[PDB]
Ligand SMILES: [Mg+2]
Ligand SMILES: [Mg+2]
Ligand SMILES: [Mg+2]
Ligand SMILES: [Mg+2]
Ligand SMILES: [Mg+2]
Ligand SMILES: [Mg+2]
Ligand code: NA
Ligand code: NA
Ligand code: NA
Ligand code: NA
Ligand code: NA
Ligand code: NA
Ligand code: NA
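Chains as they are written, first to last, in PDB author numbering: chain 4, 13 to 1023; chain 1, 13 to 1023.
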């Protein structure tokens, strides 16, 4: 039969799901979580062969190794070994939508391994094999004999091999199918790969075994008393001498223990479970678990005899915590949580979707290091090790079932179909059966983007019945259906409603008070970090903090799903949709992370970190008020550093330790600060530093900061009188001003400064001209698919209006000789099809000091789309190594994403003034700059700017960052005003009104000089 | 693969479930529900071959018929043809509890059929086959080619045969397995049969078709306006020219009609169902549907081109009614229901589990004629025609999923197992998709006796989601779990609690008000009608009428599940558990009905009819108050017949028209009644008569009655003085009294009247002795499983105390000659192992009138189990044809079951005084009798009695009624007192206290004379 084309058959001869087992045969080894000789890893080099379809697989393969097969490493995704192309499609299914059928051309991966077992495993006991991850379906053979079949690429499939094992060499044969009916439930926006991408192992258990166990913790009103209730289930022959003992450990101390024979209480007219027993342990003043302080206990479950003989032991870490929704609030150990989360896929630039401990630890450290306290398993059960790390490092987790049918029409066609309830149910139930003992998991999720069907309600209720300890949520069908305890929309904006029919996305503040609504609101997804994004991020946090029931959300998302390819020379580059011949494909939509595929941060990460700080500050006079947003921990590893500076010049500082309790305040009085009479603005910058290193951070780690303007003393002194006076030389074609060894040349035909000289060295490679456009950011383009011409998108509106093709018509270009300077006045009008888009009026004043004062006043037609920017740009001949400036920095910041930037004197290498977004666009800008220094140049004013070796044009025409070439000289963009980058989503205009350049008339001035 | 041993595989290539289809190609035919040429019946003579296992089936069977095969009628269960034996087991599974495995020796039934198909059917469209019922799993082949597989013995399985058929002759091959994993979900307390026991048919549908349609009716606050919403789904070629027209008909009048193109409203981000359409029709002052008045409309669903081409039409009967639970009450069209229901199994004594129209109509007419208005489909979806009849005749239906795992341990082992969820959901989901359009179905049931598992919660929620028009109920796990909207216990008693651990059965009155409880309570099972039962029935109805939230229940059950067998003389007799060599079995527990398998009424039926009357009466002086319990109808077919009688002698009578509004009252003043001077008790008897015939009753049908004692005149006149005086003759052995032609002989050794003579003929075959025991009724024995002795059972307490073997010891026997009579005085003590159980003191007075007054005074030890009865018995030499008595009658009646009986002068043939209960026991009693006439004898007093040709001993020793043999003469049992029969359940003592003979001392008198 073709079991991969029948949702009625999701497995064959597969063992029941259960919590992580190791079948320890020694209680001390179990308590310390040390290795168990009964659990073996079969990871390593396997024999692999690729085929176009399962029909092409030679039967001989079942009996012996095919000489054509290659020796590859397992786990792995065969697209990563180059056997075929990984595919990046977002919504549209990778295969023709015709359930339950799949294409006859079904890439088949044939894996095989020769191995042998310990003599004792042949004598007695149950030997089972475990495949943590097989994408997407597979058949299994042992020593030529068929064992079973399994589906669901994200949960373990186990099979009893006891009756197939033989002395000597044994051979596993695994036929993996890329496509199956299960693929209809795995349409997540990500790379479509396949193979055995997760661990493979052998577990040896006794015939009379622990087949399952559940750990629960209930508390009293103040959590000073708890009861640990453990239900243990067994398989095999029941016998009166059998006992179960559950002991609770805190380090090497046993705080509580419980022993009892099998035989549960009576549950109905036929009695109770003779094969189960529930132990109840009293725990006084338990140490509570939270992301803040991940206190953990160790629970050891022993199946032994009444007279002391251990049969086998299983165990897990225990975190005493209560998760409950009360009066509209999500409470953890009685406190309202504020979710600082992120959605994280299991992605690796080299290994594809194969995860490893090192990578997970790296993600967790970066996350906590950037003030995240939660993560969503978008959109499937993760690698088993992820939960252990979260339990221990401290991260709230949303465990999500591997069910996504985004590409269906309507989205709920399958999920509302009773005939898919079985397949759907196993993806939900097997997840809960596997992860329910993990304390880090505080919320169960029924999946992602599958509309809202009756199957969702059925499964919602099942969980509620089986595990009342955790709330259940699901966004599909409107984010507030009868299948979710939490209003969990994706991309709902703060103040703006999006009244979509049927599934509107109300402003989150409004959503809360809709007639009858009482549930808490936590976005399952928000702040789409695709490329230069996260504009308006602070708006979300201001709302989260002011509204009790707005309890945060999970950013989308953690890491760019870009893959690594190599060119002719063997140099690596970041590839995305379509770069593998995969088509249809959705281009760069697979990259929406706060970090690059190699975990290098994007500028946006700093903004998230800043807005997600755990300490709030207020300033009044000499007093700084520090408020703690921690719910449980006291600030026992923090000291406040404060420094006052005048225009970047340090003037005073000092440190004060932080002794603030959760939700508490601390008043800090700053001493008398010297009185600077020197013109300038005084700035106060404070930062919280962690003097001691921790499991997730180094000593000196900065966890928060904030800036304030103190006193400002305006300059009322005039500059030194000009000894000399510049001379003007006229020509029909040019206006030349000369002073000392400096020369300025204004082209009378274009009306632009076309050249400058310091001695005989040219300064410009391209004239200084106005600029009202920018290389479109992913948010300006707006498309979740590589096949959509959207006229509503900003980039499209700018093209239709001719912003990118507007030619500068000169209206006026005059020159006047003044008492101590030359005044050049110009006026241009950018038009397109007889329509004047903008009008620019300027005056250039050059005095005897050699300083060029540029005054600019622009007019923007009210009926033309608001411009991307209002400023000037040119290509300097110069190419220096440093960029020194007095403004917001040191990292890239934009109008609607600069709260994390600080005002000060920054000095960086030129390359750092460039942000390597895989998909090139406007980047590296820095706002609130009062002074910019490059080479012999200095510009003064109050402007925004970016500077690099790439022109706006090149960035605009280049698809991949690796294809960018450094242009001659340096490109400079000085903006008086720049449009917001937005980010609420990346497929519709998202730049908030206050950040759109719509004033109609703009003014800004600059001073250009040398030295 | 052995799919019949895999709960993961419940079907292969089966079509989706849907409501009844006929695929008319003419709307008028659809409207009239006339036969459809596109719907053929394949019922008739098939070829059948029996095998001991599927592996024994020869391959040649697929290609052609087998020589040894026989020609049988289908549908049918092969056990009814004698191929193997039917098994009657209650709780214990008929197979070894080892899921999902069945015995390797699994009886296999090979059915085959060579049928014809017109090429017209193959020229276009889809040709499918439909099996309405295959027990319990099967594989299907058409023309030697494999088609599919299916499970669930109670719901239709459909397969597309389009590509397997050919013009002309075709052959089907159906391999039916008796056992499968599905059997673990079909452990209902009934006969375990198998085969194709329901209709088989062939349906033709065009390629573009109506694949499903839902009809719903919502109303305004007063039901004066309504909206009919019909959602229609299509399959095939979806084009813009497609339309659906739903028209509503009331007879030949089209009341409403709607037409629209396909394309449902937007439901989610991907759009909506382009293959669906919802029609909404307004209906003013709709005629409401109810069991009282089954008003129906006809809905025709036309799939057609916009231009007028009918592709095909489907249809159904529509009942406009709302079913909702509000404030604790179950409401039908806004009024609280009083469920007068009964559980009914699909059983036939000759055909087993095969249902036919005639039988169904017979059950329905009998049920309504006996004031039943509801029925529970215990415990599986019923034959499709059942719902049509209930819709049309008017009966509230509880549709129940085919799920019972009673035999598991604990009962919820499979239902709480997520691995059995798939199999369970299909039994529930496919039931709803098939019957959701029938108005008679008002409640969905999740199954029966399967404990309460998480799977129950998920499916409960599923129904609430797909169909919010009907409450969902389920008794498992305690009758009040989170999986039921109605508290629906089985056998919960009216006042007495039964605090069982985990799943107690509280007194229904108490259950309603337990802290926090608010739901209505309707017993899914109560008043176990096993054998001589229904004692205490009136107690349930008094409560139902007094407590608003006690809304009735379903009696258990309708018809005895006895099967017909024949003796060597070819005569038929009723058989039960074990009568077919079936072992283990539960003998007679399969017979618990109000009627025999041939639908002959048990005496209990009348008690049910009486207590379930729709008119209540109250008497005050000469005014009779009638109160209607009807919720929607006026008494437009009822008249009141009243009659007054003096000890059976009718004095006055008359008719009065009944004009009562629903829930209304009517006062009727009786005319000046006569005032007879003659001694006696005046009795008033009123009967509600239906003058006109109905679809369910004949003219003259009596639907209710009631009696009252009016004025009484105690006889104070002395009997004429006797001329003569009896002569006494003494001897050591006897006391012989003589008067005229009458003689009496009292044995001086036994102390009993050993013989009498009328004229000169003997009158006794056995002496007149005391009796304190009775042939145990099913309720005295109690053992739902013949493999469970029980000391607590009444029969066991009586035996242990020696009630059945105690011998009378003479304490005294004297004779005295009075002035006008002879007085015999006796005393007896019944003992057992030195214990005195009872003491009987009597006096026999024989005067000159030839009469014999017997005075009896009994003492019963307080520490001996209360006696079954306290009276006298003897074997009359006479065998008369008639029995005439003044007292309760005419049918059998006992202390706790005599409310239906009426006091009057009854006269019946001897045979009617015996109730042919299949399992013999005490029977035919009649209480409140003041006079009994049999042959030349007459007995006067105030007693209870039974009279027949069978001795309590024979009844007690015989297992089947056909084994009973008339004894010489007639056995007479005259009781001063008789214990109640009980019936609340048949497996534990249920006779209420007030009906137990515990007074310690009893007195009664009788006068024997020759009339
Ligand atoms: Mg499958
Ligand atoms: Mg998606
Ligand atoms: Mg120990
Ligand atoms: Mg099966
Ligand atoms: Mg049962
Ligand atoms: Mg018409
Ligand atoms: Na909040
Ligand atoms: Na994406
Ligand atoms: Na501190
Ligand atoms: Na670009
Ligand atoms: Na009631
Ligand atoms: Na029964
Ligand atoms: Na009437």
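By construction, the Cβ of each residue, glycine as well, lies at the ideal position given by its N, Cα and C atoms.
Three-state secondary structure assigned by DSSP to residue i
i: residue 792 (chain 4); result: helix
i: residue 216 (chain 4); result: strand
i: residue 1006 (chain 4); result: helix
i: residue 53 (chain 4); result: strand
i: residue 1023 (chain 1); result: coil
i: residue 67 (chain 1); result: helix
Opening and closing residue of the beta strand (DSSP E) in which residue i lies
i: residue 493 (chain 4); result: It is not in any beta strand (DSSP E) - residue 493 (chain 4) carries neither H nor E in the DSSP assignment.
i: residue 73 (chain 1); result: Run containing residue 73 (chain 1): none in the beta strand (DSSP E); it sits in the alpha helix (DSSP H), 72 to 75.
i: residue 854 (chain 4); result: 847 to 859
i: residue 570 (chain 1); result: From DSSP, residue 570 (chain 1) is part of no beta strand (DSSP E); its letter is neither H nor E.
i: residue 316 (chain 1); result: 309 to 317
i: residue 140 (chain 1); result: 138 to 143
Chain-ordered neighbours of residue i on chain 4, where CB pairs are closer than 7 Å
i: residue 285 (chain 1); result: 422
i: residue 281 (chain 1); result: 423 and 515
i: residue 474 (chain 1); result: 466, 469 and 470
Integer-rounded CB distance, given that residue j should sit under 8 Å from residue i
i: residue 854 (chain 1); j: residue 868 (chain 1); result: 5 Å
i: residue 908 (chain 4); j: residue 548 (chain 4); result: 5 Å
i: residue 694 (chain 1); j: residue 658 (chain 1); result: 6 Å
Chain-ordered chain 1 contacts of residue i [CB-CB under 8 Å]
i: residue 441 (chain 4); result: 430 and 433
Limits of the unbroken alpha helix (DSSP H) element including residue i
i: residue 806 (chain 4); result: 806 to 812
i: residue 376 (chain 1); result: 369 to 381
i: residue 402 (chain 4); result: 396 to 405
i: residue 44 (chain 1); result: 39 to 44
Partners in chain 4 for residue i, counting only beta-carbon separations shorter than 9 Å
i: residue 149 (chain 1); result: Result: empty, since nearest Cβ-Cβ is about 14 Å, beyond 9 Å.
Just to be sure I understand the criterion: a residue counts if its Cβ is closer than 5 Å to at least one heavy atom of ligand 8. Which residues meet that?
201 (chain 4), 601 (chain 4) and 604 (chain 4)
Counting by C-beta, which residues lie closer than 5 Å to a heavy atom of ligand 4, in chain order?
15 (chain 1), 18 (chain 1), 21 (chain 1) and 193 (chain 1)
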